[PDB]
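Down below is the structure, laid out as structure tokens.
There are 2 protein chains.
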Amino acid sequence: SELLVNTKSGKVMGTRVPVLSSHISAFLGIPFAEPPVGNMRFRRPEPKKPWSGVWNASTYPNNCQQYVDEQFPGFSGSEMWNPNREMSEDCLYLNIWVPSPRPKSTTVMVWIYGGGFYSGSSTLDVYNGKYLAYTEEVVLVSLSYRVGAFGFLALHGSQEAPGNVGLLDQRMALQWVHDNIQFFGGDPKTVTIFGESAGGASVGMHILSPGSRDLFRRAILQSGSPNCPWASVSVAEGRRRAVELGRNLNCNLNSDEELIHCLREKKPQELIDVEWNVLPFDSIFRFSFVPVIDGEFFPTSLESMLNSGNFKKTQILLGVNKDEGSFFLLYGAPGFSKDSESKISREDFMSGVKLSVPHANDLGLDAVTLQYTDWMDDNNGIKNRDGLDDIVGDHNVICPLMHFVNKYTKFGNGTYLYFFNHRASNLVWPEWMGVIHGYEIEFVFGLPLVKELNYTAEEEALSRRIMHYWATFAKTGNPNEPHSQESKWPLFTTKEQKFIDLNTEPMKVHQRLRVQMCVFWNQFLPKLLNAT
Amino acid sequence: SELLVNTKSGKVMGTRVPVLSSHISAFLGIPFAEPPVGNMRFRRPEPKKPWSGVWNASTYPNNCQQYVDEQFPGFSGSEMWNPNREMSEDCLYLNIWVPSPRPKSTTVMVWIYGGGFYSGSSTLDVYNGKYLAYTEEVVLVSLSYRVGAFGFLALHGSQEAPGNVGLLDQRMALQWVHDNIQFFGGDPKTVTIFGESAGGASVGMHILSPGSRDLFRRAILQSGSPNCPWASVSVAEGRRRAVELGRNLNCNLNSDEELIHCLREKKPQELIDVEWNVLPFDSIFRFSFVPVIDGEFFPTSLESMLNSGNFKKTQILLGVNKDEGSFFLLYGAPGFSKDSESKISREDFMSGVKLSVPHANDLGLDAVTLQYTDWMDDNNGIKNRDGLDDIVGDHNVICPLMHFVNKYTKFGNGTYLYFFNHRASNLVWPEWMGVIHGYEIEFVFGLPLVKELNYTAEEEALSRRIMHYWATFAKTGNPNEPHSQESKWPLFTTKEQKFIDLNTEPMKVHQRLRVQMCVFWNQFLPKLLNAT
Ligand SMILES: O/N=C/c1cccc[n+]1CCCCCCC[n+]1ccccc1/C=N/O
Ligand SMILES: O/N=C/c1cccc[n+]1CCCCCCC[n+]1ccccc1/C=N/O
Ligand SMILES: *[C@@H]1O[C@H](CO)[C@@H](O)[C@H](O)[C@H]1NC(C)=O
Ligand SMILES: *[C@@H]1O[C@H](CO)[C@@H](O)[C@H](O)[C@H]1NC(C)=O
């Protein structure tokens with residue numbers, strides 16, 4: 004049977020799924036680890052005990068325990084990101100979409116979900132791997148990993164809650180793919196890991212970490228890089244937040260062993276309810292439990308690793324969206340709201356700057372304000388709104404990705420950079436938010452090919468073109484087909500720093516993506532904060 | 004006789020001078036002070052002893068002792084600024100141009116020469132008052148004052164060299180005008196003091212200083228303001244430079260009395276030869292002997308005076324030129340020269356920044372560089388050249404004048420601001436220097452009306468229009484003729500901050516003159532330097 008596969012862990016039984024009036028196989032909900040419950044909460048993942056008999060892989064698994072967005076109930080815009088299955092701490096599963104008939108050795112892509120390390124599910128409609136698998140004839144995997152305190156509570160020195168275990172969750176899933184994907188027709192020699200947001204930063208983290216490098220071939224990063232200011236913390240800061248979390252739930256705090264035990268007796272929701280109370284500053288685009296610079300997973304600091312060339316050398320394809328910041332300002336910054344144009348007063352603009360750069364002294368805050376204020380027209384509500392959108396996007400996502408890409412290219416074997424700026428015709432969010440964090444994903448997964456979702460024809464064409472770029476890059480290390488008449492996405496080089504737009508218009512090459520602002524975030528401001 | 008005038012100091016005999024195929028009277032070389040020679044070197048001026056008989060006022064007087072530009076011998080561009088008479092320490096004289104027939108009570112304008120407080124003469128061709136006097140029917144005075152160490156050597160606490168005596172030279176000349184100009188047909192109630200560069204800053208200084216306010220009615224400032232970073236020093240810094248000057252000439256340094264005596268035995272040229280050796284930094288647009296913040300002439304610091312409204316309240320007309328910096332970079336900055344386009348390398352640009360902001364730490368220098376660098380095109384020789392031109396202009400002249408004008412307007416009785424950007428058709432300096440420091444003066448004094456000087460017709464028209472603005476403002480406090488059909492130079496206000504261009508094209512109003520750069524020089528950078 005095409006739906007029966009014998010792996011090293013035991014036999015799995017999948018299901019036939021319809022896609023664009025054809026069909027393909029899906030193996031959903033395969034475990035790659037022992038359920039991390041009870042005394043194994045906060046702990047490193049263990050490999051899954053092999054099973055006898057046939058594992059039923061016909062339905063999606065549980066989503067990991069996580070915060071649930073309730074700002075706009077019934078609103079698809081926010082709820083498309085929420086878990087669509089029951090939540091459980093028993094959530095370490097992966098899903099596979101396989102072409103029909105079964106391939107022998109074809110290119111593999113493994114997806115890693117975003118969600119600020121505090122949220123995410125492999126099972127969301129926008130992550131459905133069937134269109135990609137079917138259209139490009141690739142084996143599509145989607146993994147899962149613990150988020151929140153469950154994934155990232157860090158008491159360094161203690162082996163009961165070391166930190167980074169959600170990254171090791173990802174690593175164990177890549178190990179399983181390495182080991183077994185051949186039985187599904189995947190080529191273990193040609194695995195591309197890709198991810199958006201925290202998943203993009205995760206991809207970058209596996210590139211850096213020695214323990215992860217050998218388990219994938221190449222990598223795509225969407226709107227995220229490992230050096231993002233929100234993607235990691237020192238061991239001291241992690242310790243502090245873990246202690247404060249215990250302080251919020253009335254734990255004994257005299258020893259690591261006392262704290263951890265107390266935290267293990269709590270029900271999942273008690274941890275989720277107080278999770279946001281541990282942040283050190285009044286901030287946006289900051290998350291409580293994130294990867295920690297521990298000296299095991301990351302041997303030294305991220306910057307010294309990037310300078311010395313201490314990372315996997317291979318091809319990378321990556322980029323950003325036009326308006327990365329709007330999602331975050333909407334939720335947290337005064338003056339912004341979903342159903343108005345959100346024209347921002349000068350007073351709200353400055354409140355905005357404070358929340359967006361929480362770690363900055365007064366001089367730093369002035370430096371930023373000056374850099375994004377048009378002093379000819381300082382009380383223009385639209386210019387204030389958009390400038391603050393640009394600040395949050397540049398600081399959090401674009402300038403950290405640009406620092407990474409410039410550093411990586413010095414040592415790497417080929418870089419391809421994009422700037423995604425198509426505003427989708429059917430977007431439910433308001434005009435002012437622009438091209439939002441996470442809204443390139445639907446084009447990457449081929450949702451525009453489904454007619455009932457109401458995209459234009461040129462949006463279908465864009466989606467196909469992006470899928471073929473992504474898949475051709477996974478297959479060869481180059482998104483272009485050599486010998487074809489279409490426009491050439493040029494290689495990014497240290498010298499010329501070229502990149503393309505991704506949108507419905509004929510492609511354009513440009514150079515030095517937001518260099519004037521990123522010299523400010525990546526060189527000047529940090530120097531200013533170190534002197535003062 | 005029309006050429007004989009009886010003043011309070013004694014009788015004066017002038018001369019009839021031809022102008023634009025008519026004639027007028029000129030009283031040249033009238034003394035207003037005792038010659039400041041011998042023991043009176045470095046000292047406050049004394050009033051001139053009245054004379055019996057008739058003072059011959061038919062020829063220009065001596066120019067004060069000063070440094071003489073020799074960079075381009077025979078080149079009119081540089082030599083038009085040099086002294087055209089014999090130099091002497093016996094130089095305290097003034098000159099008067101009077102319409103024919105003699106007026107009774109008409110508007111008076113008294114000119115104060117620039118030259119960085121280290122140079123200047125009342126007697127230069129470009130300062131010839133006859134065209135202005137004749138064309139607008141005003142009595143035109145031009146004064147003189149000691150420059151260099153002779154005018155500004157400052158040993159505070161000592162009455163032998165107190166500092167600021169060159170400003171008191173100006174004050175005594177304004178006193179003489181107050182007292183006597185009526186006998187020449189001038190209205191002592193309607194005196195306008197005007198000046199360029201150090202003379203513009205001087206004008207501003209008489210507005211601030213209590214001792215000077217009552218001696219003039221209103222004021223014009225061209226490319227200079229009292230708060231310019233080069234226009235004054237602390238008493239400690241003045242003391243240091245006076246000591247270092249004495250150290251350069253082998254003086255006994257054990258007491259003020261010893262130093263001053265030693266300096267008084269030296270010939271003028273010995274002081275001039277070592278004058279530049281006392282500057283604290285490697286710099287441009289900085290001068291050795293300048294006004295000192297002494298607590299007598301200036302009661303408190305310039306900034307506290309500007310904040311509290313401690314100054315004469317009256318009308319002011321003022322402005323700047325497009326390319327104020329080029330003159331200074333030519334003379335002192337590596338990569339610039341008179342006979343090339345002076346395209347500047349990135350390395351020379353940074354050398355430039357260091358010399359232009361000599362008092363800044365490394366963080367400050369970076370802040371400036373970032374602000375004036377296009378990071379898309381950082382090795383564009385023209386953009387580097389022009390950016391450095393703009394830095395020197397903005398820091399030295401434009402942003403300090405803009406801070407002054409904004410502060411003054413809060414308390415003042417009417418402000419009129421211009422931006423002069425006509426590149427003269429007959430200019431001998433190269434294209435790259437643009438609209439240079441000091442090249443609006445020729446339009447103010449009417450040289451374009453003389454055919455043999457080879458200006459265009461529209462340049463004649465511009466000159467006349469500027470002269471009539473200047474003269475109508477001196478007469479009424481408003482450069483416009485109410486009830487006339489010509490375009491209206493609008494009042495500058497705290498709210499709307501309006502200003503005009505001065506050039507051959509139809510006038511345009513704009514707002515907030517170089518506000519984006521001047522917020523940087525006047526707010527951010529000083530705050531950055533105070534924290535670090
Ligand atoms: O961090 N990445 C999140 C993500 C990534 C891809 C797609 C969708 N998202 C949902 C994030 C939008 C809303 C941000 C919500 C942050 N937040 C959560 C809980 C409580 C408060 C807040 C923010 N307060 O300002
Ligand atoms: O300060 N204002 C001077 C002025 C004003 C109106 C018209 C003409 N000028 C001549 C100044 C140009 C050249 C600057 C010369 C400065 N300088 C003098 C002596 C020795 C060295 C230097 C400069 N070295 O970099
Ligand atoms: C990648 O590496 C191969 C083999 O080592 C080399 O020949 C090629 O030039 C490299 N490509 C780039 C873009 O560096
Ligand atoms: C100047 O002062 C006069 C008289 O005090 C006043 O009436 C007039 O409004 C003032 N003008 C300005 C521009 O402030």
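Chains A and A', in that order, are what the protein sequence lines are. A prime marks a further copy of an entry chain. Per the authors' numbering, the first sequence starts with residue 4, numbered consecutively. Per the authors' numbering, the second sequence starts with residue 4, numbered consecutively. Cβ coordinates follow ideal geometry from the N, Cα and C atoms, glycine included.
Find the nearest neighbour of residue i within the set the options, judged by alpha-carbon distance.
i, options, result
"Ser-103/A", "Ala-29/A, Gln-488/A and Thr-317/A", "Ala-29/A"
"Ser-490/A", "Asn-131/A, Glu-508/A and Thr-497/A", "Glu-508/A"
"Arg-349/A", "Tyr-442/A, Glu-240/A, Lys-386/A and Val-15/A", "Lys-386/A"
"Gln-526/A'", "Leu-505/A, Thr-418/A and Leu-373/A", "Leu-373/A"
"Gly-160/A", "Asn-483/A, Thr-18/A, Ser-145/A and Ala-239/A", "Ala-239/A"
"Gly-328/A", "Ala-534/A, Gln-162/A, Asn-429/A and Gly-441/A", "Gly-441/A"
"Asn-280/A", "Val-295/A, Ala-152/A and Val-180/A", "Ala-152/A"
"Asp-342/A", "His-209/A, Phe-78/A and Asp-381/A", "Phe-78/A"
"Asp-326/A'", "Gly-396/A', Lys-51/A', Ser-428/A' and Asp-504/A'", "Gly-396/A'"
"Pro-86/A", "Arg-47/A, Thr-138/A, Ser-147/A and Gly-335/A", "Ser-147/A"
"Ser-215/A", "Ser-237/A, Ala-234/A and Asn-167/A", "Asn-167/A"
According to DSSP, simplified to helix, strand and coil, what is residue i?
i, result
"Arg-221/A'", "strand"
"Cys-94/A", "coil"
"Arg-468/A'", "helix"
"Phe-30/A'", "strand"
"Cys-67/A'", "strand"
"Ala-152/A'", "helix"
"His-264/A'", "helix"
"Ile-385/A", "helix"
"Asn-59/A'", "strand"
"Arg-47/A'", "coil"
"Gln-488/A'", "coil"
"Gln-514/A'", "strand"
"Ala-36/A'", "strand"
"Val-293/A", "coil"
Would you say residue i touches ligand 2, meaning its beta carbon is less than 6 Å from a heavy atom?
i, result
"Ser-200/A'", "yes"
"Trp-114/A'", "no"
"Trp-233/A", "no"
"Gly-151/A'", "no"
"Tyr-334/A'", "yes"
With DSSP as the reference, please indicate the residues paired to residue i in a beta bridge.
i, result
"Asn-9/A", "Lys-14/A"
"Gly-198/A'", "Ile-115/A' and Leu-224/A'"
"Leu-505/A", "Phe-423/A"
"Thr-109/A", "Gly-189/A"
"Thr-418/A", "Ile-319/A and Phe-495/A"
"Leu-143/A", "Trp-100/A and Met-112/A"
"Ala-474/A", "Looking at the DSSP assignment, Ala-474/A forms no beta bridge with any residue, so it has no partner."
"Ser-25/A", "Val-22/A"
"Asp-326/A", "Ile-439/A"
Near residue i, what residues of its chain come up, given a Cβ to Cβ distance below 6 Å and the 5 sequence neighbours on each side ignored?
i, result
"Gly-119/A'", "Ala-201 and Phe-290"
"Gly-312/A'", "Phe-414"
"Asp-259/A", "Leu-158 and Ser-161"
"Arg-149/A", "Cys-67, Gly-169 and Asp-172"
Is the beta carbon of residue i within less than 6 Å of some heavy atom of ligand 3?
i, result
"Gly-480/A", "no"
Hey, is residue i close to ligand 4, as in C-beta under 6 Å from one of its heavy atoms?
i, result
"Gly-417/A'", "yes"
Give me, in chain order, the residues of the same chain whose beta-carbon lies closer than 7 Å to that of residue i; leave out the 5 immediate sequence neighbours on both sides.
i, result
"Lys-192/A'", "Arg-220"
Within a Cβ cutoff of 8 Å, which residues of the same chain sit near residue i, ignoring the five residues on either side of it in sequence?
i, result
"residue 3/A'", "No answer is possible for residue 3/A': the residues shown for chain A' start at 4 and end at 535."
What do you reckon, is the C-beta of residue i under 6 Å from a heavy atom of ligand 1?
i, result
"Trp-432/A", "no"
"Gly-119/A", "yes"
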